[PDB]
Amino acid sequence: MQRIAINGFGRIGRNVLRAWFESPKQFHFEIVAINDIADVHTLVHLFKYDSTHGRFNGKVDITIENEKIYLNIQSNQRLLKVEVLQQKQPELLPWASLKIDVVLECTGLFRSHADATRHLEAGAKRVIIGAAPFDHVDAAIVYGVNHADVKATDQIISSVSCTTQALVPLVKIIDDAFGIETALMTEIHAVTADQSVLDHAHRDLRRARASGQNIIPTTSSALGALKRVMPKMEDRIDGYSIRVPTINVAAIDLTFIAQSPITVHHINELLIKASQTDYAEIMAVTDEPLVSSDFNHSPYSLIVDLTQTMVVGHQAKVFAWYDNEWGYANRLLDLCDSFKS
């Protein structure tokens, strides 16, 4: 029985547990523990009531067996007994006792090999850092691209970021068919939980500004991460991100120079075929004039807007949507499932 734990019951952490229950196909592993710096009642409330994704279709009841707190969660013909912890320092967590095989590190505060190892010290056998690498990782993984490159010896793993999980497939596909000389990316991202409601002191002066009333351009970890996953693309791609006042969903605007003839038709035909043959698990395409909120609660790593494709000579722009929250949470579960044989 593969045993997963979630460190950090936040936007991702919560949507991992939900996605475990909502998946059409039951996963061959169990979440047995969650740890957050917050009280079980706050976590249960936030788990049940979600501004972005709606009420949880199920029932959650708290029990105090031993001096241990459990969540009894019943949804979609599925049940789970989940231990709740409240330990800010991850080396003190009982991962030995609970027989934890994988830890989903979803706090954002423990992204260095050092900080992550603290879970291994605490008894976990493997750690997935649900964010970009800070210093070193054993592997950097985009599910549906290179998840078969995980070695059994590998203990610290990054599932990079959602922006990375969308950008890489696009770049792999386009570069393989046509050759990317160079490329530049603009991400139009919804508000994130680290921003400010009103103008407020913050380590980053741009993200200190009122989230609901501003367009805020800012840096992206997706490019550092993409270079780890695809080394040959070093010095051939940069980009940045823009926060705008919506609650969820993002897009990528990839502009690239092609190394061979391109048309709008051949680009869209290539992506449709890729989505049908090699990337069907994680990639879709739409021909409809849709907007961000139409992709809310979509499980795909990317959905391409074929009506947005543009070519002027050698230069081209493609455009893809993704649910930064749900897309990534599904990929976390997809990845965990991949370790079993």
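Counting begins at 1, following the sequence as shown.
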query	finding
Stretch with the greater mean C-alpha B-factor as recorded in the entry, comparing 56-64 against 287-295	56-64
Which of 106-114 and 193-201 has higher mean CA B factor, as the PDB entry lists it	106-114
From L92, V249, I237, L254, residue of greatest CA B-factor	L92
Chain-wide C-alpha B factor ranking for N15, given as lowest, middle or highest third	middle
Third of the chain, ranked by Cα B-factor, where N72 sits	highest
Where the record places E181 (Cα B-factor, split into thirds across the chain)	middle
Within-chain third of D135 by Cα B-factor, per the entry	highest
Relative C-alpha B-factor of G212, binned into the chain's lowest, middle or highest third	lowest
